[PDB]
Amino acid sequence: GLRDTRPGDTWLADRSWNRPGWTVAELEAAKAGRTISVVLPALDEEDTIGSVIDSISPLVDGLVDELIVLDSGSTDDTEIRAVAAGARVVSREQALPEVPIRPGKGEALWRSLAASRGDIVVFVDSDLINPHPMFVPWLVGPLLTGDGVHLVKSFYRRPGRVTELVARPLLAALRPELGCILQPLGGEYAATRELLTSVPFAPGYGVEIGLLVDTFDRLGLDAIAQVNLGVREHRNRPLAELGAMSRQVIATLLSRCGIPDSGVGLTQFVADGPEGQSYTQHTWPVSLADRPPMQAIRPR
């Protein structure tokens, strides 16, 4: 199983595997009137976003019915570079004009449900360094070979900390059935519109884990598959922000589990000098506020 795994192989909930024997073209034939949207959430990713689109670009009007960059307030060259690469850029405002904006990644992904049309939505981070062109095919595979699967999570070999020390040990504690999930926080995943629009979306860095847990609670482990995406490269996560990310992952998971979170942000104490003679007190925001199921706002 995980003793013999390829870029392409799917792990199902019953610990059974599948090594895909289709072509991109055969996957398109399997769609059967189901449409596919690809969504790239982007905040200030001018360096990487053209490359990411180029990887997915060839699939459009074939396997992929639409390719959207959800621009989350970029002040760099993200939009013009995504357009020149061939993607349609939708701002948060454009996606859902009648609801005021909240900050964070979860907001952007939630809004993209309103901006996209696809029966299946694939999410891919725009900060990926050289994503393999087979990423979207590999992600959608298990949805199209339809066996009750509604969420496809990815796993990869690193070519970190918050996943290994925070997300996974907390899942072992609070949702032990999800202990099989290698990469609960990863931004490459696919799901049905039916699933996506029926669940609330966690704010900020909580979005992926909130979706995982909501899917498990409502549909059980069988609705969740994982695909080996191989060696996956992304940008260095600046170490300064990781405390805030952990705090938000914690807030989201506690809230899914029915445990009251104080709503009190992490205060970090940063030594100002080598002697530890003074500290800068830095308090990051945490959000306990989900967005409601998209069905409650923009129903289909």
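If you superpose the two forms and keep the largest set of C-alpha atoms that fall within 1.5 Å, you have the rigid core. Residue numbers here begin at 1 and follow the sequence given.
- Relative to the shown model and aligned on the rigid core, the C-alphas in 4 other deposited structures of this protein deviate most, among 269-277 and 52-60, for 269-277.
- Per the record, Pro159 and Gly160 are separated by 10 or more deposited residues that are missing from the model.
- Per-stretch averaging of Cα B factors for 138-146 and 107-115 places 138-146 on top.
- When 128-136 is weighed against 166-174, 128-136 comes out higher, by mean CA B-factor as recorded in the entry.
- Between the residues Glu241, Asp261, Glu26, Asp272, it is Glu26 that shows the highest Cα B-factor in the PDB record.
- For the set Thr35, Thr252, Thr267, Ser246, the PDB entry puts the maximum C-alpha B factor at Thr35.
- Per the deposited record, the Cα B-factor of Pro97 falls in the middle third when ranked against the other modelled residues of its chain.
- Among the modelled residues of its chain, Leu221 has a C-alpha B-factor that falls in the middle third according to the deposited record.
- In the deposited entry, the Cα temperature factor of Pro293 sits in the bottom third of values across the chain's modelled residues.
- Ranked by Cα temperature factor within the chain, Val90 sits in the middle third according to the deposited record.
- Ranked within its chain, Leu229 lands in the highest third, by CA B factor from the PDB record.
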